[PDB]
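*Asks:* Take a look at final34.cif, mmCIF, C-alpha atoms:
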data_entry
loop_
_atom_site.label_atom_id
_atom_site.label_comp_id
_atom_site.auth_asym_id
_atom_site.auth_seq_id
_atom_site.Cartn_x
_atom_site.Cartn_y
_atom_site.Cartn_z
CA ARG W 1 -8.15 -5.27 26.06
CA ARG W 2 -10.96 -7.59 27.12
CA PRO W 3 -14.27 -7.38 25.24
CA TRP W 4 -16.28 -6.32 28.29
CA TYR W 5 -13.87 -3.53 29.25
CA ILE W 6 -13.51 -2.09 25.74
CA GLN W 7 -17.29 -2.14 25.35
CA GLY W 8 -17.99 -0.53 28.71
CA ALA W 9 -15.32 2.15 28.35
CA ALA W 10 -16.44 3.86 25.11
CA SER W 11 -19.32 4.11 22.67
CA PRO W 12 -19.03 2.40 19.26
CA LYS W 13 -16.73 3.94 16.69
CA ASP W 14 -16.09 4.28 12.96
CA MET W 15 -12.33 3.88 12.80
CA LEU W 16 -10.34 4.49 9.63
CA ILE W 17 -6.77 3.26 10.01
CA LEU W 18 -4.55 5.17 7.57
CA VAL W 19 -1.13 3.66 6.95
CA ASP W 20 1.74 5.64 5.46
CA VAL W 21 3.48 3.22 3.09
CA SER W 22 5.81 5.73 1.46
CA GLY W 23 9.49 4.95 1.02
CA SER W 24 10.64 6.52 4.28
CA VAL W 25 8.73 4.01 6.42
CA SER W 26 10.61 1.06 4.96
CA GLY W 27 12.63 -1.31 7.09
CA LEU W 28 11.97 -1.55 10.82
CA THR W 29 9.17 0.99 11.14
CA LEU W 30 7.09 -0.91 8.58
CA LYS W 31 7.51 -4.18 10.46
CA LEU W 32 6.27 -2.25 13.48
CA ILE W 33 3.34 -0.62 11.66
CA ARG W 34 2.08 -4.03 10.53
CA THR W 35 2.05 -5.38 14.08
CA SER W 36 0.56 -2.12 15.35
CA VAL W 37 -2.37 -2.21 12.93
CA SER W 38 -2.90 -5.90 13.69
CA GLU W 39 -2.99 -5.17 17.44
CA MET W 40 -5.25 -2.14 16.94
CA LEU W 41 -7.85 -4.11 14.99
CA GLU W 42 -7.86 -6.52 17.95
CA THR W 43 -9.58 -3.77 20.02
CA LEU W 44 -12.77 -3.62 17.92
CA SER W 45 -16.07 -5.25 18.87
CA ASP W 46 -18.86 -6.16 16.45
CA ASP W 47 -20.58 -2.77 16.79
CA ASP W 48 -17.53 -0.88 15.49
CA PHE W 49 -16.75 -0.25 11.83
CA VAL W 50 -13.26 -0.15 10.35
CA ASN W 51 -11.36 0.20 7.08
CA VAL W 52 -7.61 0.30 6.49
CA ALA W 53 -6.50 2.69 3.78
CA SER W 54 -2.91 3.41 2.79
CA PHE W 55 -1.23 6.33 1.08
CA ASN W 56 2.06 7.01 -0.72
CA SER W 57 1.70 9.98 -3.10
CA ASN W 58 -1.60 8.23 -3.93
CA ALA W 59 -4.23 7.08 -1.45
CA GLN W 60 -6.12 3.82 -1.88
CA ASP W 61 -7.74 1.08 0.14
CA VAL W 62 -5.58 -1.88 1.14
CA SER W 63 -8.02 -4.77 0.54
CA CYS W 64 -11.14 -5.60 -1.48
CA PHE W 65 -13.48 -3.55 0.70
CA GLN W 66 -13.56 0.07 -0.58
CA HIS W 67 -15.70 1.30 2.36
CA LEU W 68 -16.44 0.75 6.04
CA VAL W 69 -17.07 -2.85 7.07
CA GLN W 70 -18.52 -4.22 10.27
CA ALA W 71 -15.31 -5.41 12.00
CA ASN W 72 -16.46 -8.90 12.89
CA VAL W 73 -14.17 -11.94 12.97
CA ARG W 74 -13.93 -12.57 9.23
CA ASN W 75 -13.65 -8.93 8.14
CA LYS W 76 -10.95 -8.27 10.74
CA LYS W 77 -9.18 -11.41 9.53
CA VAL W 78 -9.21 -10.25 5.91
CA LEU W 79 -7.93 -6.80 6.87
CA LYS W 80 -5.16 -8.35 8.97
CA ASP W 81 -4.11 -10.66 6.15
CA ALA W 82 -4.16 -7.75 3.69
CA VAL W 83 -2.05 -5.42 5.85
CA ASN W 84 0.78 -7.96 6.10
CA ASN W 85 1.26 -7.72 2.31
CA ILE W 86 2.06 -4.01 1.98
CA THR W 87 5.47 -2.76 0.88
CA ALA W 88 7.03 0.69 1.10
CA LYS W 89 7.87 2.71 -2.02
CA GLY W 90 7.20 6.25 -3.21
CA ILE W 91 6.82 9.82 -1.97
CA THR W 92 4.76 11.00 0.99
CA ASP W 93 1.63 13.08 0.35
CA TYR W 94 -0.64 13.66 3.35
CA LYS W 95 -3.24 15.71 1.48
CA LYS W 96 -4.44 12.88 -0.76
CA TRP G 1 43.94 37.51 -14.18
CA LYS G 2 41.22 39.18 -12.07
CA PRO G 3 40.31 37.54 -8.75
CA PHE G 4 38.95 34.53 -10.61
CA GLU G 5 40.70 32.15 -8.20
CA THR G 6 38.28 33.25 -5.47
CA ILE G 7 34.85 33.05 -7.17
CA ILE G 8 34.83 29.62 -8.81
CA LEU G 9 36.54 28.41 -5.63
CA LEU G 10 33.85 30.14 -3.56
CA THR G 11 31.24 28.51 -5.79
CA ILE G 12 32.88 25.09 -5.39
CA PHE G 13 32.79 25.53 -1.62
CA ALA G 14 29.14 26.61 -1.79
CA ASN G 15 28.47 23.54 -3.95
CA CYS G 16 30.25 21.08 -1.66
CA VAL G 17 27.91 22.33 1.06
CA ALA G 18 24.88 21.76 -1.18
CA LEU G 19 25.92 18.09 -1.13
CA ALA G 20 26.20 17.71 2.65
CA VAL G 21 22.67 18.96 3.43
CA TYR G 22 21.20 16.50 0.92
CA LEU G 23 19.30 13.87 2.88
CA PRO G 24 19.09 10.40 1.28
CA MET G 25 15.80 8.61 1.86
CA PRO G 26 15.13 4.87 1.51
CA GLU G 27 14.04 3.59 -1.93
CA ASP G 28 12.74 6.65 -3.80
CA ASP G 29 11.36 9.01 -1.17
CA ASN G 30 12.06 12.73 -1.02
CA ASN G 31 11.38 15.86 1.00
CA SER G 32 11.31 19.49 -0.13
CA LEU G 33 14.97 20.29 0.54
CA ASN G 34 16.19 17.58 -1.83
CA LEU G 35 13.81 18.81 -4.52
CA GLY G 36 15.33 22.27 -4.08
CA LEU G 37 18.86 20.95 -4.29
CA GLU G 38 17.93 19.16 -7.52
CA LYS G 39 17.15 22.61 -8.94
CA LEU G 40 20.25 24.30 -7.50
CA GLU G 41 22.32 21.60 -9.21
CA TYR G 42 21.33 23.15 -12.54
CA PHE G 43 22.62 26.55 -11.41
CA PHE G 44 25.91 25.00 -10.29
CA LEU G 45 26.38 22.96 -13.47
CA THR G 46 25.67 26.02 -15.62
CA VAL G 47 28.09 28.25 -13.71
CA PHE G 48 30.84 25.65 -14.03
#
Any chance you could put this one into structure tokens?
*Replies:*
Amino acid sequence: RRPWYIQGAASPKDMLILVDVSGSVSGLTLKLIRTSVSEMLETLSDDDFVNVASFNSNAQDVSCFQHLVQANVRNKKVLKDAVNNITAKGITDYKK
Amino acid sequence: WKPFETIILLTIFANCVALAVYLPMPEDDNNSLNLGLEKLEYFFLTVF
């Protein structure tokens, strides 16, 4: 997980985390998805780009970003603080 | 006076099995099978 390893082990990426926040993921699995996204963002250098969308019968971004951002300290911090606010309700639709 | 005590009973036993395969999901989620049972409930109500 160190910066030097993660940068020497793969070329830069354009990640798009896609959370399923439908009703079925409520309870324990949502508490785990929050920590999982927050530990996944922690493996992104400054040359990688990231955006965290969510979907429950309707897909939308999870923060005030609407596109791919540069995954530096502040952007990662905003995405982390915006993931921890999601709640689970609705029907699952993978196509949207 | 026909075998009517074996059809509505057969339908009640087919309808008490359409309640066991229903799968309840947390806070307003649903899969296909439940959406099909919601239809079949109309058939059962109308037959009764």
*Asks:* Using CA of residue 92 in chain W and CA of residue 14 in chain W as the two end points, give the distance in Å to one decimal.
*Replies:*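 That distance, rounded to one decimal, is 25.0 Å.
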*Asks:* Applied to the shown file, which residues does the PyMOL selection byres ((chain W) within 9 of (chain G)) return, written as a short mmCIF file (atom, residue, chain, number, x, y, z; two decimals) with C-alpha atoms, in the coordinates of the input?
*Replies:*
data_model
loop_
_atom_site.label_atom_id
_atom_site.label_comp_id
_atom_site.auth_asym_id
_atom_site.auth_seq_id
_atom_site.Cartn_x
_atom_site.Cartn_y
_atom_site.Cartn_z
CA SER W 22 5.81 5.73 1.46
CA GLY W 23 9.49 4.95 1.02
CA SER W 24 10.64 6.52 4.28
CA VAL W 25 8.73 4.01 6.42
CA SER W 26 10.61 1.06 4.96
CA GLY W 27 12.63 -1.31 7.09
CA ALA W 88 7.03 0.69 1.10
CA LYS W 89 7.87 2.71 -2.02
CA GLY W 90 7.20 6.25 -3.21
CA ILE W 91 6.82 9.82 -1.97
CA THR W 92 4.76 11.00 0.99
#
*Asks:* Give me the residues near residue 44 in chain W as a PyMOL selection string, where near means some atom within 9 Å (using all atoms listed in the file) and where sequence neighbours in that chain fewer than 5 positions away do not count.
*Replies:* chain W and resi 3+6-7+12-13+49-50+71-72+76
*Asks:* Generate the output file for the selected residues, C-alpha atoms, as a PDB file, keeping the file's coordinate frame.
*Replies:*
ATOM      1  CA  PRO W   3     -14.270  -7.380  25.240  1.00  0.00           C
ATOM      2  CA  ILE W   6     -13.510  -2.090  25.740  1.00  0.00           C
ATOM      3  CA  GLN W   7     -17.290  -2.140  25.350  1.00  0.00           C
ATOM      4  CA  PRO W  12     -19.030   2.400  19.260  1.00  0.00           C
ATOM      5  CA  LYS W  13     -16.730   3.940  16.690  1.00  0.00           C
ATOM      6  CA  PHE W  49     -16.750  -0.250  11.830  1.00  0.00           C
ATOM      7  CA  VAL W  50     -13.260  -0.150  10.350  1.00  0.00           C
ATOM      8  CA  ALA W  71     -15.310  -5.410  12.000  1.00  0.00           C
ATOM      9  CA  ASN W  72     -16.460  -8.900  12.890  1.00  0.00           C
ATOM     10  CA  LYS W  76     -10.950  -8.270  10.740  1.00  0.00           C
TER      11      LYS W  76
END
*Asks:* When you count only C-alpha atoms, which of these residues is closest to residue 73 in chain W: W:15, W:9, W:28, W:41?
*Replies:*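 Checking each of W:15, W:9, W:28, W:41 against residue 73 in chain W, counting only C-alpha atoms, the winner is W:41.
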*Asks:* Find the spatial neighbours of residue 32 in chain G, counting only C-alpha atoms, within a cut-off of 12 Å - ignore same-chain residues fewer than 4 positions away - and output them as a short mmCIF file (atom, residue, chain, number, x, y, z; two decimals) with C-alpha atoms, keeping the file's coordinate frame.
*Replies:*
data_model
loop_
_atom_site.label_atom_id
_atom_site.label_comp_id
_atom_site.auth_asym_id
_atom_site.auth_seq_id
_atom_site.Cartn_x
_atom_site.Cartn_y
_atom_site.Cartn_z
CA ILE W 91 6.82 9.82 -1.97
CA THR W 92 4.76 11.00 0.99
CA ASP W 93 1.63 13.08 0.35
CA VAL G 21 22.67 18.96 3.43
CA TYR G 22 21.20 16.50 0.92
CA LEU G 23 19.30 13.87 2.88
CA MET G 25 15.80 8.61 1.86
CA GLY G 36 15.33 22.27 -4.08
CA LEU G 37 18.86 20.95 -4.29
CA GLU G 38 17.93 19.16 -7.52
CA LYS G 39 17.15 22.61 -8.94
#
*Asks:* Skipping near chain neighbours, those fewer than 3 positions away, what residues fall within 8 Å of residue 62 in chain W using all atoms listed in the file, listed as a list in words?
*Replies:* residues 52, 53, 54, 79, 82, 83 and 86 of chain W
*Asks:* Do you have the CA of residue 94 in chain W-CA of residue 60 in chain W distance handy?
*Replies:*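 CA of residue 94 in chain W sits 12.4 Å away from CA of residue 60 in chain W.
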*Asks:* To test your reading of the syntax: which residues would the PyMOL selection byres ((chain G and resi 11) around 12) return for the file shown? Reply as a PyMOL selection string.
*Replies:* chain G and resi 4-10+12-18+40-41+43-48
*Asks:* Which distance in Å separates CA of residue 85 in chain W and CA of residue 39 in chain W, to one decimal?
*Replies:*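 Straight-line distance from CA of residue 85 in chain W to CA of residue 39 in chain W works out to 15.9 Å.
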*Asks:* As JSON, please: the centre and edge lengths in Å, to one decimal, of an axis-aligned box enclosing every listed atom of range 3-16 of chain G with 6 Å added on each side.
*Replies:*
{"center_x": 34.6, "center_y": 29.3, "center_z": -6.1, "size_x": 24.2, "size_y": 28.5, "size_z": 21.0}
*Asks:* With distances taken over all atoms listed in the file, which of W:30, W:77, W:2, W:66 is nearest to residue 51 in chain W?
*Replies:* W:66
